[PDB]
Amino acid sequence: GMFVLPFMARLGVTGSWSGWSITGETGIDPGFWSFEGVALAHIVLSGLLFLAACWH
Amino acid sequence: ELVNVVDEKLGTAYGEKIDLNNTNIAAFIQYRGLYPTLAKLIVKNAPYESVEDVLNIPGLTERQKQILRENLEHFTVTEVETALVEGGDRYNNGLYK
Amino acid sequence: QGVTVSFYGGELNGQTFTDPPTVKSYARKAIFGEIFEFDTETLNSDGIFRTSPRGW
Amino acid sequence: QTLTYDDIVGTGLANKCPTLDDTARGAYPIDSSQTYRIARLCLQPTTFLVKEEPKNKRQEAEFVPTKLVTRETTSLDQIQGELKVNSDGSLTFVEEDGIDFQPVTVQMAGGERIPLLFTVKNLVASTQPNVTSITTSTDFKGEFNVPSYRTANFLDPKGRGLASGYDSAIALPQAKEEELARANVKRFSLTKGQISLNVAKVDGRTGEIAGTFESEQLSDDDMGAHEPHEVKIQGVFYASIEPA
Amino acid sequence: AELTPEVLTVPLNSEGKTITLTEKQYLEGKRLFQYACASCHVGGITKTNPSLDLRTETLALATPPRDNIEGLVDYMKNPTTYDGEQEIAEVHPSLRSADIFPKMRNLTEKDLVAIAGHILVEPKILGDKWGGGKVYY
Amino acid sequence: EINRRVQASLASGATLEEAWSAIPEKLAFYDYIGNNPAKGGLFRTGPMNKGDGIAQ
Ligand code: CLA
Ligand code: HEC
Ligand SMILES: CC1=C(/C=C/C(C)=C/C=C/C(C)=C/C=C/C=C(C)/C=C/C=C(C)/C=C/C2=C(C)CCCC2(C)C)C(C)(C)CCC1
Ligand SMILES: CC1=C(/C=C/C(C)=C/C=C/C(C)=C/C=C/C=C(C)/C=C/C=C(C)/C=C/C2=C(C)CCCC2(C)C)C(C)(C)CCC1
């Protein structure tokens, strides 16, 4: 039932910070741009747009 | 089925006597002459196939054998329960006061 | 202490139990007074006591 | 030049096995009539690998790498015992005493912590036959005991344990016990583990050998509440041979 | 209840003779016990070795029996292990190791009898509280 | 009341099985702590059957 997870993987986000990847390969490190790093980048962006909306 | 092996061992002679294969060393205080000298030697030279094998610990004096022979009635031997002997629990089983 | 349990009346009338796990499980139920068979499956009963309308 | 506690403390060097210079490609003559002794055996794990559980029966049951989470607490050190020359000039090492276990927790991809009692308890390891000199080709191979990761006084969070504690779930005074039985009845496991020590460097003069090891043993089964994982432990060793 | 003669009558030796302590030497014994012994034997246990206590039934099974005044006084002069095999004066307070246990220095024979009396009387008063530990607090 | 009826039955020559088999299930069921209204919890919701089960 994964809806957004294939969209992240399609453009190259393969891994989790918890250490698995979507291909099943054991022992890659994704750096910042894991699935959690993408999600965090969207939440942060959501809050910054919220503040900008207030200002405008 | 699934059984608590320590609870099951209380149904044996371990529940009623000093098991030379299993009982923690502090139970040797219960009778005169065992602790700590003979108790240390009994725990160290375990396991025993019978109680009377306790008179074959080497280096015992003559009075030491006489102490043990007085106390053979208070001793028993069972199978080595690993739950009671691992971790050094025969010397310190976390029971104090 | 060689504890056994025998039942008089009820479902287990005339039965006697000697193996210490079984005797213990009945002793733990005996702290509640009389011992009853319970259908826990119909309501998905959780095993934790509830109060009566008198209490509510 | 030889360090003290004040140089060592807080640096992590205390968790390391001692090493040997590259020059020490020597050989330690075993006199077949003398009694020898291991004065100090140290095992420093470097890698912990855990076997995965494919729900399939089949598949590749491969050993996967794990991250250590319990810090530099992993080495076994100060292990002693007799090194008995046998009939055929094989040496057998009988472990007597030392710091021969360490609880270790590793973490798998996904966050599963795997606790294990990394141990060489009651190690009986033997060489090949016809070994007059301990060389850089000697391989000790042996079996040890893996006792339960918790001992019998350990209480679970609901106060259940083996030699102590409740035998039931007291929070659910009228639940059906028969499905709680695996959690209610604690069981002390005792398993066998298998180690192979490969000599790589012998100081033939001093009698200090060093090399690598590989150990295979089960992880913790949590007093029988779940199935343990197969763990492979790889690292380095140092031993010091001494005539008793 | 009062602190009668009959409470204060304790076995003097092992043969069978008793001595009846006065209330003054009971209270000097409790004071001297507190000053010299209670840091390890508060309430009749033993903090640094809980396997051995000061219950009269444990003192009776010691070698030689310590469940009388003369046996207790001798222990304070020459303490042994529970089987009487090792002298332990280098690690237990006594008059022969009063150089290393300086609270033992000025204890007289009447002081040791008073301490020995307190150890024997106190279980007749406290019951299982004496030597029972925190379960009986 | 249960013990009274039993002892009256045992004073008339009943066996132990006969004495206890005469005690009504209704009377024994009142002698059971899971029917005590002081055994519940504020957020333990629902009928008493939801705890221990439906008594059979
Ligand atoms: C006097 C009122 C009263 C009493 C004693 C009962 C009693 C009962 N009801 Mg009934 N019921 C009532 C009124 C009552 N009801 C009303 C008014 C309705 C319509 C909503 C119902 C609808 C109803 C249903 C649908 C069911 C029951 C059931 C039951 C039984 C189970 C009780 C339970 O689980 O409660 C649980 C009680 C609590 C969880 C307590 C709630 C705590 C409150 C809400 C906290 C609020 C705090 C407040 C906001 C603080 C303000 C702070 C501010 C001032 C600063 C029990 C016999 C059940 C049953 O078994 O039927 C067969 C069941 O299924 N009742
Ligand atoms: C701790 C620092 C102690 C102080 C102070 C005193 N004692 Fe003690 N006592 C201590 C230990 C560790 C032991 C056990 C020694 C052993 O290995 O056997 C004891 C033992 C005794 C006993 C014997 C108890 C028995 O059951 O036989 C007695 C009677 C005794 N100690 C008395 C005693 C007195 C009177 C003390 C004050 C002067 C005193 N002890 C000090 C530890 C310590
Ligand atoms: C229950 C349920 C569910 C869930 C759901 C969900 C989860 C949803 C959510 C939803 C959401 C979550 C929504 C949101 C919304 C929002 C909005 C709508 C907003 C708005 C805003 C605004 C309006 C703003 C304003 C402002 C400000 C603030 C400032 C600046 C300016 C302005 C004015 C602009 C599901 C389906 C699963 C299932 C079934 C049931
Ligand atoms: C570069 C880069 C990138 C990108 C990024 C981005 C995308 C950014 C964005 C940014 C943003 C998006 C920003 C924002 C900002 C905001 C702000 C700065 C705001 C502020 C506000 C304010 C100041 C306001 C105030 C107020 C309020 C709050 C309330 C009311 C009143 C007022 C109005 C006063 C990436 C990562 C990809 C990569 C790398 C590089």
# chains A, B, ... in the order shown; residues from 1 in each chain; ligands from 1
$ residues_around --residues "residue 27 of chain A" --least-positions-apart "6" --cutoff "9 Å" --atoms "only C-alpha atoms" --output "list in words"
residues 19, 20 and 21 of chain A; 64, 65, 66 and 109 of chain D
$ residues_near_ligand --ligand "ligand 2" --cutoff "7 Å" --atoms "only C-alpha atoms and all ligand atoms" --output "ChimeraX atom specification"
/E:33,36-41,46,48-49,52-55,58-59,62,66,72,75-76,80-82,92-94,104,115-116
$ interface_residues --of "chain F" --to "chain D" --cutoff "9 Å" --atoms "only C-alpha atoms" --output "ChimeraX atom specification"
/F:51-53
$ residues_around --residues "segment 115-128 of chain D" --least-positions-apart "3" --cutoff "7 Å" --atoms "only C-alpha atoms" --output "PyMOL selection string"
chain D and resi 90-96+100-106+131+138-146+149+219-220
$ residues_near_ligand --ligand "ligand 1" --cutoff "10 Å" --atoms "only C-alpha atoms and all ligand atoms" --output "PDB file with N, CA, C and O atoms, in the first residue's frame"
ATOM      1  N   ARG C  50     -13.617  -6.002  35.884  1.00  0.00           N
ATOM      2  CA  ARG C  50     -14.390  -4.791  35.726  1.00  0.00           C
ATOM      3  C   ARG C  50     -15.433  -4.684  36.829  1.00  0.00           C
ATOM      4  O   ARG C  50     -15.851  -5.683  37.409  1.00  0.00           O
ATOM      5  N   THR C  51     -15.891  -3.465  37.079  1.00  0.00           N
ATOM      6  CA  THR C  51     -16.900  -3.289  38.108  1.00  0.00           C
ATOM      7  C   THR C  51     -18.307  -3.515  37.548  1.00  0.00           C
ATOM      8  O   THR C  51     -18.530  -3.599  36.347  1.00  0.00           O
ATOM      9  N   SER C  52     -19.249  -3.643  38.458  1.00  0.00           N
ATOM     10  CA  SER C  52     -20.628  -3.985  38.153  1.00  0.00           C
ATOM     11  C   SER C  52     -21.429  -2.705  37.967  1.00  0.00           C
ATOM     12  O   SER C  52     -20.902  -1.612  38.157  1.00  0.00           O
ATOM     13  N   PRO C  53     -22.706  -2.800  37.561  1.00  0.00           N
ATOM     14  CA  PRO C  53     -23.565  -1.607  37.616  1.00  0.00           C
ATOM     15  C   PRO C  53     -23.703  -0.997  38.990  1.00  0.00           C
ATOM     16  O   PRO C  53     -23.958   0.202  39.079  1.00  0.00           O
ATOM     17  N   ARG C  54     -23.612  -1.796  40.047  1.00  0.00           N
ATOM     18  CA  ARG C  54     -23.614  -1.234  41.389  1.00  0.00           C
ATOM     19  C   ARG C  54     -22.451  -0.260  41.579  1.00  0.00           C
ATOM     20  O   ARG C  54     -22.632   0.819  42.145  1.00  0.00           O
ATOM     21  N   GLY C  55     -21.268  -0.616  41.074  1.00  0.00           N
ATOM     22  CA  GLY C  55     -20.112   0.259  41.173  1.00  0.00           C
ATOM     23  C   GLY C  55     -20.220   1.505  40.311  1.00  0.00           C
ATOM     24  O   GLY C  55     -19.966   2.606  40.788  1.00  0.00           O
ATOM     25  N   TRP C  56     -20.629   1.343  39.046  1.00  0.00           N
ATOM     26  CA  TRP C  56     -20.764   2.470  38.131  1.00  0.00           C
ATOM     27  C   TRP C  56     -21.808   3.465  38.622  1.00  0.00           C
ATOM     28  O   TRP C  56     -21.584   4.674  38.577  1.00  0.00           O
TER      29      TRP C  56
ATOM     30  N   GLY F  41     -11.867  -0.767  37.349  1.00  0.00           N
ATOM     31  CA  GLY F  41     -10.983   0.338  37.041  1.00  0.00           C
ATOM     32  C   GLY F  41     -11.786   1.389  36.317  1.00  0.00           C
ATOM     33  O   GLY F  41     -12.788   1.085  35.668  1.00  0.00           O
ATOM     34  N   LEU F  42     -11.356   2.639  36.468  1.00  0.00           N
ATOM     35  CA  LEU F  42     -12.114   3.764  35.935  1.00  0.00           C
ATOM     36  C   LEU F  42     -12.183   3.710  34.416  1.00  0.00           C
ATOM     37  O   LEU F  42     -13.230   3.971  33.835  1.00  0.00           O
ATOM     38  N   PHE F  43     -11.099   3.310  33.770  1.00  0.00           N
ATOM     39  CA  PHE F  43     -11.045   3.220  32.321  1.00  0.00           C
ATOM     40  C   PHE F  43     -11.108   1.791  31.814  1.00  0.00           C
ATOM     41  O   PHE F  43     -10.823   1.549  30.647  1.00  0.00           O
ATOM     42  N   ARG F  44     -11.460   0.846  32.671  1.00  0.00           N
ATOM     43  CA  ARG F  44     -11.725  -0.530  32.258  1.00  0.00           C
ATOM     44  C   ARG F  44     -13.199  -0.573  31.878  1.00  0.00           C
ATOM     45  O   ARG F  44     -14.068  -0.687  32.733  1.00  0.00           O
ATOM     46  N   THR F  45     -13.481  -0.464  30.597  1.00  0.00           N
ATOM     47  CA  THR F  45     -14.842  -0.200  30.186  1.00  0.00           C
ATOM     48  C   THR F  45     -15.592  -1.494  29.895  1.00  0.00           C
ATOM     49  O   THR F  45     -14.999  -2.516  29.556  1.00  0.00           O
ATOM     50  N   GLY F  46     -16.909  -1.431  30.017  1.00  0.00           N
ATOM     51  CA  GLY F  46     -17.754  -2.492  29.529  1.00  0.00           C
ATOM     52  C   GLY F  46     -18.273  -3.387  30.631  1.00  0.00           C
ATOM     53  O   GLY F  46     -18.155  -3.069  31.809  1.00  0.00           O
ATOM     54  N   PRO F  47     -18.928  -4.485  30.252  1.00  0.00           N
ATOM     55  CA  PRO F  47     -19.500  -5.397  31.244  1.00  0.00           C
ATOM     56  C   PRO F  47     -18.426  -6.139  32.014  1.00  0.00           C
ATOM     57  O   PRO F  47     -17.270  -6.194  31.604  1.00  0.00           O
ATOM     58  N   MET F  48     -18.842  -6.729  33.143  1.00  0.00           N
ATOM     59  CA  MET F  48     -17.946  -7.614  33.882  1.00  0.00           C
ATOM     60  C   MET F  48     -17.509  -8.806  33.043  1.00  0.00           C
ATOM     61  O   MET F  48     -16.383  -9.268  33.192  1.00  0.00           O
ATOM     62  N   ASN F  49     -18.367  -9.283  32.130  1.00  0.00           N
ATOM     63  CA  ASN F  49     -18.002 -10.354  31.201  1.00  0.00           C
ATOM     64  C   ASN F  49     -16.790  -9.995  30.340  1.00  0.00           C
ATOM     65  O   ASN F  49     -16.077 -10.881  29.872  1.00  0.00           O
ATOM     66  N   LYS F  50     -16.555  -8.716  30.100  1.00  0.00           N
ATOM     67  CA  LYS F  50     -15.431  -8.311  29.273  1.00  0.00           C
ATOM     68  C   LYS F  50     -14.094  -8.536  29.975  1.00  0.00           C
ATOM     69  O   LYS F  50     -13.063  -8.645  29.317  1.00  0.00           O
TER      70      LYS F  50
END
$ residues_around --residues "residue 36 of chain C" --least-positions-apart "4" --cutoff "9 Å" --atoms "only C-alpha atoms" --output "ChimeraX atom specification"
/C:10-11,29 /F:29,32,55-56
$ write_last_selection --atoms "C-alpha atoms" --output "JSON list (two decimals), in the first residue's frame"
[["chain", "number", "residue", "atom", "x", "y", "z"],
["C", 10, "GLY", "CA", -19.09, -28.73, 39.95],
["C", 11, "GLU", "CA", -17.32, -29.60, 36.71],
["C", 29, "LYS", "CA", -7.52, -19.01, 41.06],
["F", 29, "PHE", "CA", -20.85, -17.55, 41.82],
["F", 32, "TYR", "CA", -16.13, -15.05, 43.61],
["F", 55, "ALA", "CA", -18.97, -17.68, 33.25],
["F", 56, "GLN", "CA", -19.92, -21.13, 31.97]]
$ select_by_dssp --residues "chain B" --states "strand (DSSP E or B)" --output "list in words"
residues 18, 19, 75 and 76 of chain B
$ residues_near_ligand --ligand "ligand 4" --cutoff "9 Å" --atoms "only C-alpha atoms and all ligand atoms" --output "PyMOL selection string"
chain A and resi 41+44-56
$ select_by_dssp --residues "segment 1-51 of chain C" --states "helix (DSSP H, G or I)" --output "list in words"
residues 20, 21, 22, 23, 24, 25, 26, 27, 28, 29 and 30 of chain C
$ write_last_selection --atoms "N, CA, C and O atoms" --output "PDB file, in the first residue's frame"
ATOM      1  N   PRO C  20       2.634 -30.314  40.304  1.00  0.00           N
ATOM      2  CA  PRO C  20       2.669 -29.012  40.991  1.00  0.00           C
ATOM      3  C   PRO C  20       2.317 -27.814  40.119  1.00  0.00           C
ATOM      4  O   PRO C  20       1.687 -26.895  40.654  1.00  0.00           O
ATOM      5  N   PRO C  21       2.682 -27.755  38.804  1.00  0.00           N
ATOM      6  CA  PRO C  21       2.102 -26.700  37.951  1.00  0.00           C
ATOM      7  C   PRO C  21       0.582 -26.610  37.940  1.00  0.00           C
ATOM      8  O   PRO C  21       0.042 -25.504  38.005  1.00  0.00           O
ATOM      9  N   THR C  22      -0.111 -27.740  37.867  1.00  0.00           N
ATOM     10  CA  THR C  22      -1.567 -27.720  37.811  1.00  0.00           C
ATOM     11  C   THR C  22      -2.159 -27.297  39.149  1.00  0.00           C
ATOM     12  O   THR C  22      -3.098 -26.497  39.192  1.00  0.00           O
ATOM     13  N   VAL C  23      -1.599 -27.808  40.238  1.00  0.00           N
ATOM     14  CA  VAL C  23      -2.061 -27.476  41.578  1.00  0.00           C
ATOM     15  C   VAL C  23      -1.853 -25.991  41.867  1.00  0.00           C
ATOM     16  O   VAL C  23      -2.693 -25.338  42.496  1.00  0.00           O
ATOM     17  N   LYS C  24      -0.745 -25.436  41.381  1.00  0.00           N
ATOM     18  CA  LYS C  24      -0.457 -24.020  41.574  1.00  0.00           C
ATOM     19  C   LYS C  24      -1.429 -23.131  40.818  1.00  0.00           C
ATOM     20  O   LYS C  24      -1.887 -22.121  41.357  1.00  0.00           O
ATOM     21  N   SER C  25      -1.751 -23.482  39.571  1.00  0.00           N
ATOM     22  CA  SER C  25      -2.673 -22.663  38.786  1.00  0.00           C
ATOM     23  C   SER C  25      -4.072 -22.634  39.387  1.00  0.00           C
ATOM     24  O   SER C  25      -4.742 -21.606  39.331  1.00  0.00           O
ATOM     25  N   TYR C  26      -4.499 -23.733  40.012  1.00  0.00           N
ATOM     26  CA  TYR C  26      -5.754 -23.719  40.756  1.00  0.00           C
ATOM     27  C   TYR C  26      -5.643 -22.933  42.047  1.00  0.00           C
ATOM     28  O   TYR C  26      -6.619 -22.317  42.485  1.00  0.00           O
ATOM     29  N   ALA C  27      -4.490 -22.994  42.705  1.00  0.00           N
ATOM     30  CA  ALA C  27      -4.294 -22.204  43.912  1.00  0.00           C
ATOM     31  C   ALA C  27      -4.352 -20.709  43.622  1.00  0.00           C
ATOM     32  O   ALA C  27      -4.864 -19.932  44.435  1.00  0.00           O
ATOM     33  N   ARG C  28      -3.810 -20.296  42.480  1.00  0.00           N
ATOM     34  CA  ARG C  28      -3.860 -18.893  42.098  1.00  0.00           C
ATOM     35  C   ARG C  28      -5.281 -18.452  41.792  1.00  0.00           C
ATOM     36  O   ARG C  28      -5.621 -17.292  42.004  1.00  0.00           O
ATOM     37  N   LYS C  29      -6.124 -19.356  41.303  1.00  0.00           N
ATOM     38  CA  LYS C  29      -7.516 -19.007  41.061  1.00  0.00           C
ATOM     39  C   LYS C  29      -8.313 -19.025  42.344  1.00  0.00           C
ATOM     40  O   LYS C  29      -9.301 -18.303  42.465  1.00  0.00           O
ATOM     41  N   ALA C  30      -7.887 -19.849  43.299  1.00  0.00           N
ATOM     42  CA  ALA C  30      -8.532 -19.992  44.589  1.00  0.00           C
ATOM     43  C   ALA C  30      -8.392 -18.750  45.456  1.00  0.00           C
ATOM     44  O   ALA C  30      -9.198 -18.571  46.365  1.00  0.00           O
TER      45      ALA C  30
END
$ residues_around --residues "segment 65-76 of chain B" --least-positions-apart "2" --cutoff "12 Å" --atoms "only C-alpha atoms" --output "PyMOL selection string"
(chain B and resi 12-23+27-28+30-35+37-39+41-42+47-63+78-80) or (chain E and resi 63+83)
$ interface_residues --of "chain B" --to "chain C" --cutoff "10 Å" --atoms "only C-alpha atoms" --output "tab-separated table (two decimals) with N, CA, C and O atoms, in the first residue's frame"
chain	number	residue	atom	x	y	z
B	2	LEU	N	6.41	-27.04	29.08
B	2	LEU	CA	7.38	-26.06	29.56
B	2	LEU	C	7.32	-26.05	31.08
B	2	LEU	O	6.25	-25.88	31.66
B	3	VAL	N	8.46	-26.28	31.72
B	3	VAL	CA	8.53	-26.39	33.18
B	3	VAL	C	9.65	-25.51	33.71
B	3	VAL	O	10.67	-25.30	33.05
B	4	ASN	N	9.44	-24.97	34.91
B	4	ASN	CA	10.49	-24.26	35.63
B	4	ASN	C	11.36	-25.34	36.26
B	4	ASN	O	10.90	-26.08	37.14
B	7	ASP	N	11.91	-24.91	40.16
B	7	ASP	CA	10.71	-25.34	40.88
B	7	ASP	C	10.58	-26.85	40.90
B	7	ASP	O	10.24	-27.44	41.93
B	8	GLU	N	10.89	-27.50	39.77
B	8	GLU	CA	10.87	-28.96	39.72
B	8	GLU	C	11.92	-29.57	40.65
B	8	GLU	O	11.66	-30.58	41.30
B	10	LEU	N	12.91	-28.40	43.46
B	10	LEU	CA	12.44	-28.34	44.83
B	10	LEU	C	11.59	-29.55	45.22
B	10	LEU	O	11.43	-29.81	46.41
B	11	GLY	N	11.03	-30.27	44.24
B	11	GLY	CA	10.34	-31.52	44.50
B	11	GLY	C	11.24	-32.72	44.71
B	11	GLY	O	10.74	-33.78	45.08
B	15	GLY	N	15.14	-30.00	47.62
B	15	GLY	CA	14.21	-29.25	48.45
B	15	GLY	C	14.29	-29.57	49.93
B	15	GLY	O	13.82	-28.77	50.74
$ residues_around --residues "residue 11 of chain A" --least-positions-apart "2" --cutoff "12 Å" --atoms "only C-alpha atoms" --output "ChimeraX atom specification"
/A:4-9,13-14,33-35,38
